[PDB]
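Just one chain follows, in the form deposited in one PDB entry, and it is written as structure tokens.
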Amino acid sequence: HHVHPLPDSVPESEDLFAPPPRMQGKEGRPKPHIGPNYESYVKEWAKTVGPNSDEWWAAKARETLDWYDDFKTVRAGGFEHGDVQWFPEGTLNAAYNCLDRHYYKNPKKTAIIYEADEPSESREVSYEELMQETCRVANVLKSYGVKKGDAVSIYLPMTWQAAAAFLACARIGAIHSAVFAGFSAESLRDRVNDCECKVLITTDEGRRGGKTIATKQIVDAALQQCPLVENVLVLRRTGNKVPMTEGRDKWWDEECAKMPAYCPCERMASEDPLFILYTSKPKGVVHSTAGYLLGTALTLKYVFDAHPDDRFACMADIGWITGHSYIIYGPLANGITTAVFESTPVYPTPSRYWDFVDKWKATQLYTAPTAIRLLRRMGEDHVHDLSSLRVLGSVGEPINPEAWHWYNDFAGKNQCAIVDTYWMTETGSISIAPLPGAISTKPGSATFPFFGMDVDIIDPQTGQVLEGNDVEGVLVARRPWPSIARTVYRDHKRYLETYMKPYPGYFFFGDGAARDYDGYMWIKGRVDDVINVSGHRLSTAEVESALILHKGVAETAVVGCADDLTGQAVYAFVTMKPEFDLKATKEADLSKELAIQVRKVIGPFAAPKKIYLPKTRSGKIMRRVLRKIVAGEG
């Protein structure tokens, strides 16, 4: 075969895992929504793409969400000019769909499982409580003069009120712009100025893993160069003394105590913007209302097989798109229970995830590879019952197949489906992932595209589509889907040039990908991280997966630097486990073993020329820093 899976130590013939009995109608668990096999997924999927799929999408939009005004047109527009429209004549409100309509049905049902940094301080927040808090904040924002279409910055740690602040903006038609609680003032400042907001929502302090985040202190520093901000609403998270500027700053609880506990919903057009989410000038990705909300609702229901009594535990941060979609909007739209985890996976112990799972009988767990490195690395003594789990998800970057099996074995007792979810901030919702009740998985593969996603592979050297299977190139989408980002805030040109110009006719994700002989999709990393050695273009995922097969390796990152005899050369930056003895295995001897590992697993063309990690707050490895340093640019 031309297309190889990510290097793994397990035979390929033993790496095809069918839906287990928990994802079958047995053991008293809900029968899957889609199942039991690959053909059942394809049968439904073919209704969601092609020239006769408007029928399916209209029904799903009318069944999934509540509308104030029906829509007439299902879809229009396209990539070339970026005029994407879905359900354009309809009106709705995101807070009505995430709060009110469930409050009216079961007001005492739990909406948020607030897992505080300290396990003792945790509690359940009901749809009644969350709605009242949202409506109070919404009334406060209106009293500040916030109007439909105004931007509101949010700088909140993972306390449950963060959901109320997001939904308060959506309730009144404001455009919330979340900034990870922990970015520098320079990062907070740039995002506040770009969106031109006049109101900022934040806390006095945060708490994560026992540490103290000086959110208010950072804000005051950033706001010295954010001229337009006139109002700041400070949640009293800790109560510890923080500076409160007179007039500009007010306490959340004092402001809310003056306001009523209900607020009307602003009737929003489908294409009114719901939020701006900046990405690390800053790129403010803009999502509209109806299509984004429907995408998050549909993906949560099918990719995680969500059922009414489920308790969904996404361990990400609301400052990132994974929090937007699968902590707040997705789960609350489906009306289930969602987790807001304010701690780290290592506090009080590396068993918090598992203590959390057993304490709350969580039905799905959704975290990232960068955190997955933690648990499997430190010890499986930390891994409990975990029987409540039924679907396990991973998001953020390629998952080395080695981490994949531990996830299947110890967290799932070989009884959970593992869903590797591929998507971007700009897709809004999950693009390629297995439906747990239908798809037999492979370690390290995203598998098949989700409803509405018609993806293909393009040879970047010819610009043409590679027909068939067992092909490799760059991933592109053929048609718009409802949750696609609609622009980059006040910079539509950057939007078109980045995603719509590189391969005209298609959307360009920016990732290398391959479709193997079985049709399974494999995402191998950024195209900008590809290294071309003597005509062999190498992905960062395959070299880094082969390295992690050597004893003692924890995490790696390979970058390319120019080479006069091979064009570029692979340079690998390697991190070792703490117990590993660097004296027994000399650094020169370690590199020799690693280069032989890569040569054996990939080929001589891939052997690193030199072996020696800078990571953003989102958990991503800053490979652009490793590349420039190797060249000698400070």
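We call the rigid core the largest set of C-alpha positions that still match within 1.5 Å between the two forms. Numbering starts at 1 and runs along the sequence shown.
Checklist entry - Do a third or more of the other compared entries leave residue 583 out of the model? => result In at least a third of the comparable entries (those modelling both sides of it), residue 583 has no coordinates.
Checklist entry - Do at least a third of the other entries of this protein fail to model residue 634? => result Other entries vs residue 634: at least a third skip it.
Checklist entry - Looking at the deposited sequence, how many residues between residue 612 and residue 613 were given no coordinates in the entry: none, 1 to 3, 4 to 9, or 10 or more? => result The entry leaves 4 to 9 residues without coordinates here.
Checklist entry - Taking residue 280 and residue 281 as adjacent modelled residues, how many residues of the deposited sequence between them have no coordinates (none, 1 to 3, 4 to 9, 10 or more)? => result The entry has 4 to 9 unmodelled residues between residue 280 and residue 281.
Checklist entry - Between 155 to 163 and 138 to 146, which has the higher average C-alpha B-factor in the PDB entry? => result Averaging CA B-factors over each stretch, the winner is 155 to 163.
Checklist entry - Should the higher mean CA B-factor in the entry be assigned to 61 to 69 or to 594 to 602? => result In the deposited entry, the stretch with the higher C-alpha B-factor mean is 594 to 602.
Item to check | From 532, 299, 367, 245, residue of greatest CA B-factor | outcome: Checking the PDB record, the top C-alpha B-factor among 532, 299, 367, 245 is at 532.
Next on the checklist: Checking the record values for 449, 437, 331, 412, which has the greatest CA B factor?
Outcome noted: The C-alpha B-factor peaks, among 449, 437, 331, 412, at 412.
Checklist entry - Comparing residue 470 with the other modelled residues of its chain, is its CA B-factor in the lowest, middle or highest third? => result Middle third by C-alpha B-factor.
Checklist entry - By the record's CA B-factor, is residue 589 among the lowest, middle or highest third of residues in the chain? => result As the PDB entry reports it, the C-alpha B-factor of residue 589 lands in the highest third of its chain.
Item to check | residue 38 CA temperature factor, ranked by third within the chain | outcome: As the PDB entry reports it, the C-alpha B-factor of residue 38 lands in the middle third of its chain.
Next on the checklist: Ranking the modelled residues of this chain by C-alpha B-factor as given in the entry, is residue 337 in the lowest, middle or highest third?
Outcome noted: As the PDB entry reports it, the C-alpha B-factor of residue 337 lands in the middle third of its chain.
Next on the checklist: Sorting by Cα B-factor within the chain, modelled residues only, which third would residue 312 end up in: lowest, middle or highest?
Outcome noted: Middle third of the chain for residue 312's C-alpha B-factor.
Heads up, the form deposited in another entry isn't pictured, but that's what we're talking about next.
Item to check | Entry of 333, 474, 477, 533 that shows, once the rigid core is matched between the shown form and the other one, a C-alpha shift of 2 Å or more | outcome: Result of the comparison: 533.
Checklist entry - Any chance the CA of residue 622 moves 2 angstroms or more between the shown form and the other one, core superposed? => result The answer is yes; the displacement is at least 2 Å.
Checklist entry - Using the core for the fit, does the CA position of residue 557 change by 2 Å or more between the shown form and the other one? => result For residue 557, whose C-alpha is compared between the shown form and the other one after core superposition, the shift is 2 Å or more.
Checklist entry - Taking the rigid core as the reference frame, is the Cα of residue 58 displaced by 2 Å or more between the shown form and the other one? => result The answer is no, as the C-alpha of residue 58 shifts between the shown form and the other one by less than 2 Å after core alignment.
Next on the checklist: Taking the cut-off of 3 Å or more as given, in which direction does the distance between the C-alpha atoms of residue 536 and residue 515 change in that other deposited form, closer or farther?
Outcome noted: Farther: residue 536 and residue 515 separate by 3 Å or more in that other deposited form.
Checklist entry - What happens to the Cα distance from residue 536 to residue 422 in that other deposited form: does it get closer or farther than here, with a change of 3 angstroms or more? => result Farther is correct, given that in that other deposited form the C-alpha spacing of residue 536 to residue 422 is increased by at least 3 Å.
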